[PDB]
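# Coordinate analysis (summary)
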Amino acid sequence: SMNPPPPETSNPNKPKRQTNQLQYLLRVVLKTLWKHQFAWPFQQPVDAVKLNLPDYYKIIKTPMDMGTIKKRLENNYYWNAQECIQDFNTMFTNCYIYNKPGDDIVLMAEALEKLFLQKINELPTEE
Ligand SMILES: Cc1sc2c(c1C)C(c1ccc(Cl)cc1)=N[C@@H](CC(=O)NCc1ccccn1)c1nnc(C)n1-2
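Residues numbered from 1 in each chain as written, not as in the entry; some residues may be left out. Heavy atoms only, no water. Residues with missing side-chain atoms left out of burial classes, pairs and counts.

As annotated in the PDB entry, the protein is Bromodomain-containing protein 4 from Homo sapiens.

### Some words on the environment of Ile85
As for its placement among the helices and strands, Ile85 is situated in helix α4 (residues 81-98). For the pair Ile85 and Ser1, spaced 84 residues apart in sequence, the C-alpha separation works out to 31 Å. Beyond its immediate sequence surroundings of up to four residues, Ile85 is in contact with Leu25, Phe116 and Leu123. (Helix = DSSP H or I, 4+ residues; strand = E, 2+ residues; numbered from the N terminus. Contact = heavy atoms within 4.5 Å.)

### Regarding the state of the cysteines
Inspection of every chain in the model, using the stated rule, returns zero disulfides. Here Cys84 is not cross-linked by a disulfide; its sulfur's nearest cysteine counterpart is in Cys95, at 18 Å. Given the relative accessible area of 0%, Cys84 is considered buried. Its relative accessible area of 5% is what places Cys95 among the buried residues. (Disulfide = S-S within 2.5 Å. Buried < 20%, exposed > 50% of the residue type's maximum accessible area, 1.4 Å probe, protein only.)

### Quick look at the site of the ligand
Looking at the ligand, the residues that line it are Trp40, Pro41, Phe42, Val46, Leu51, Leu53, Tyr98, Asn99, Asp104, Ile105 and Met108. Between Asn99 and the ligand, the recorded distance is 3.1 Å, taken from a side-chain N or O atom to a nitrogen atom. In the complex, 60% of the free accessible area of the ligand, which totals 670 Å², lies under the protein chains. With respect to the detected pockets, the ligand is housed in the largest pocket. (Near = heavy atom within 4 Å. Polar contact = N/O pair within 3.5 Å; in protein donor to acceptor, adjacent residues only side chain to side chain. Areas by Shrake-Rupley, 256 points an atom, 1.4 Å probe, with all protein chains shown as cover. 1 Å grid on protein atoms, 1.4 Å probe; cavity = no way out; pocket = protein on both sides within 12 Å on 5 of 7 lines; lining within 4 Å. Sits in = over half its atoms within 2 Å of the grid points.)

### A word on α4
Here α4 is 18 residues long and its end C-alpha atoms lie 26 Å apart, about the 26 Å a rise of 1.5 Å per residue gives. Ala81, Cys84, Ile85, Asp87, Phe88, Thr90, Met91, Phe92, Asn94, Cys95 and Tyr98 are the residues of α4 that are buried. Looking at the buried positions of α4, the neighbouring elements they touch are α1 (20-35), α2 (56-59), α3 (66-74) and α5 (104-120). Of the residues that open α4, the one with a side-chain oxygen 3.2 Å from the backbone nitrogen of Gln82 is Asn80. (Expected span 1.5 Å × (residues − 1).)

### A short note on the layout of surface pockets
By volume, the largest pocket is sized at about 370 Å³. If you go around the largest pocket, you meet 18 residues; those closest to its centre are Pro41, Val46, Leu51, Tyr56 and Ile105. It is α4 that contributes the most residues to the lining of the largest pocket, four residues altogether. In the lining of the largest pocket, the residues fall into 13 nonpolar, three polar and two charged. As a volume, the second largest pocket reaches approximately 160 Å³. For the lining of the second largest pocket, the secondary structure elements donating two or more residues are α1 and α3. (Points joined across faces, edges and corners; volume = space filled by probe spheres on them. Nonpolar A, V, L, I, M, F, W, Y, C, P; charged D, E, K, R; others polar.)

### Observations regarding α1
Taking 1.5 Å of rise per residue, 16 residues should cover 22 Å, and α1 covers 22 Å from first to last C-alpha, within 8% of that figure. Its maximal kink placed at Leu26, α1 deviates by approximately 30 degrees. Residues of α1 that are buried: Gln21, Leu22, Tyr24, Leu25, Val29, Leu30, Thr32 and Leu33. Next to the buried residues of α1 lie α3, α4 and α5. (Bend = angle between axes of the 7 residues up to and from the residue.)

Printed below as a string of structure tokens:
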């Protein structure tokens, strides 16, 4: 069993910049979700080897996790807020695609996603 390489967190060929919206995504959104009691499964890529999920990366072809997002934000990898919001949405959707309704991990994702929605509702206007 083998895990894929993780999503990239640096790439000099990718355009990037800082925006006040990306700063909010780090200081408000990511921080809020990261500290939540249910954050831990999402703080790093799914280790399909150790979790004994050999089909995970056969169903989930665009993996994402908050460890990756955190590094992307800290590294100023993004060009805009939409790219980062998309990464969060990918992470949640992957969990729902792979798992079953009512599963613990789905309940965890739903709790995080509720907080994500509450925070992105107040994304600031771009300066
Ligand atoms: C470090 C990680 S990452 C992650 C997980 C863990 C531990 C876990 C997880 C499960 C329960 C709770 Cl309380 C917390 C997390 N779920 C996997 C899916 C999975 O193991 N299915 C088979 C199965 C069999 C029996 C019982 C439950 N699931 C998963 N899917 N997306 C993410 C992210 N995970």
